[PDB]
Amino acid sequence: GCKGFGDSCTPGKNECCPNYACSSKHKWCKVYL
């Protein structure tokens with residue numbers, strides 16, 4: 001399914017679920033708070 005937190009997601013490709021913000025520094029998933 002989708003990713004969660006601290007997962008390797010690509011920014012612009014929406015690899016993580018619709019509840020996190022993919023970072024562009026090391027391509028990791030994290031909360032948007």
# chains A, B, ... in the order shown; residues from 1 in each chain; ligands from 1

call {"tool": "residues_around", "arguments": {"residues": "residue 18 in chain A", "least_positions_apart": "4", "cutoff": "12 Å", "atoms": "only C-alpha atoms", "output": "ChimeraX atom specification"}}
result
/A:1-5,13-14,22,29-32

call {"tool": "select_by_dssp", "arguments": {"residues": "chain A", "states": "strand (DSSP E)", "output": "list in words"}}
result
residues 21, 22, 29 and 30 of chain A

call {"tool": "residues_around", "arguments": {"residues": "residue 12 in chain A", "least_positions_apart": "3", "cutoff": "12 Å", "atoms": "only C-alpha atoms", "output": "short mmCIF file (atom, residue, chain, number, x, y, z; two decimals) with C-alpha atoms, in the first residue's frame"}}
result
data_model
loop_
_atom_site.label_atom_id
_atom_site.label_comp_id
_atom_site.auth_asym_id
_atom_site.auth_seq_id
_atom_site.Cartn_x
_atom_site.Cartn_y
_atom_site.Cartn_z
CA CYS A 9 9.33 8.27 -0.51
CA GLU A 15 4.78 7.58 -2.59
CA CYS A 16 3.66 8.10 1.04
CA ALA A 21 4.95 15.36 3.61
CA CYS A 22 7.79 13.78 1.57
CA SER A 23 11.11 15.55 2.27
CA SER A 24 13.46 16.54 -0.59
CA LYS A 27 13.66 11.55 0.28
#

call {"tool": "decode", "arguments": {"residues": "chain A", "atoms": "C-alpha atoms", "output": "PDB file, in the first residue's frame"}}
result
ATOM      1  CA  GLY A   1       0.000   0.000   0.000  1.00  0.00           C
ATOM      2  CA  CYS A   2       1.315   3.507   0.811  1.00  0.00           C
ATOM      3  CA  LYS A   3       4.232   4.399   3.140  1.00  0.00           C
ATOM      4  CA  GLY A   4       4.059   5.816   6.701  1.00  0.00           C
ATOM      5  CA  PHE A   5       6.787   7.712   8.616  1.00  0.00           C
ATOM      6  CA  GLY A   6      10.580   7.617   8.044  1.00  0.00           C
ATOM      7  CA  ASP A   7       9.947   5.686   4.779  1.00  0.00           C
ATOM      8  CA  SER A   8      11.924   6.330   1.553  1.00  0.00           C
ATOM      9  CA  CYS A   9       9.331   8.271  -0.513  1.00  0.00           C
ATOM     10  CA  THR A  10       9.987  10.425  -3.617  1.00  0.00           C
ATOM     11  CA  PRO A  11       8.766  14.040  -3.526  1.00  0.00           C
ATOM     12  CA  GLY A  12       6.444  14.779  -6.473  1.00  0.00           C
ATOM     13  CA  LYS A  13       5.569  11.069  -6.938  1.00  0.00           C
ATOM     14  CA  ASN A  14       3.316  10.918  -3.809  1.00  0.00           C
ATOM     15  CA  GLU A  15       4.782   7.584  -2.593  1.00  0.00           C
ATOM     16  CA  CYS A  16       3.661   8.097   1.039  1.00  0.00           C
ATOM     17  CA  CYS A  17      -0.017   8.099   2.140  1.00  0.00           C
ATOM     18  CA  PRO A  18      -2.081  11.317   1.976  1.00  0.00           C
ATOM     19  CA  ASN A  19      -1.198  12.119   5.616  1.00  0.00           C
ATOM     20  CA  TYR A  20       2.548  12.990   5.426  1.00  0.00           C
ATOM     21  CA  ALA A  21       4.951  15.363   3.615  1.00  0.00           C
ATOM     22  CA  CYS A  22       7.790  13.778   1.571  1.00  0.00           C
ATOM     23  CA  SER A  23      11.107  15.553   2.273  1.00  0.00           C
ATOM     24  CA  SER A  24      13.464  16.539  -0.585  1.00  0.00           C
ATOM     25  CA  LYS A  25      16.720  16.408   1.475  1.00  0.00           C
ATOM     26  CA  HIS A  26      17.004  12.604   1.878  1.00  0.00           C
ATOM     27  CA  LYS A  27      13.657  11.549   0.277  1.00  0.00           C
ATOM     28  CA  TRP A  28      12.055  10.424   3.584  1.00  0.00           C
ATOM     29  CA  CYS A  29       8.402  10.616   4.745  1.00  0.00           C
ATOM     30  CA  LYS A  30       7.389  12.712   7.784  1.00  0.00           C
ATOM     31  CA  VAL A  31       4.302  14.435   9.270  1.00  0.00           C
ATOM     32  CA  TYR A  32       3.284  17.879   7.915  1.00  0.00           C
ATOM     33  CA  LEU A  33       2.870  19.441  11.407  1.00  0.00           C
TER      34      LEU A  33
END
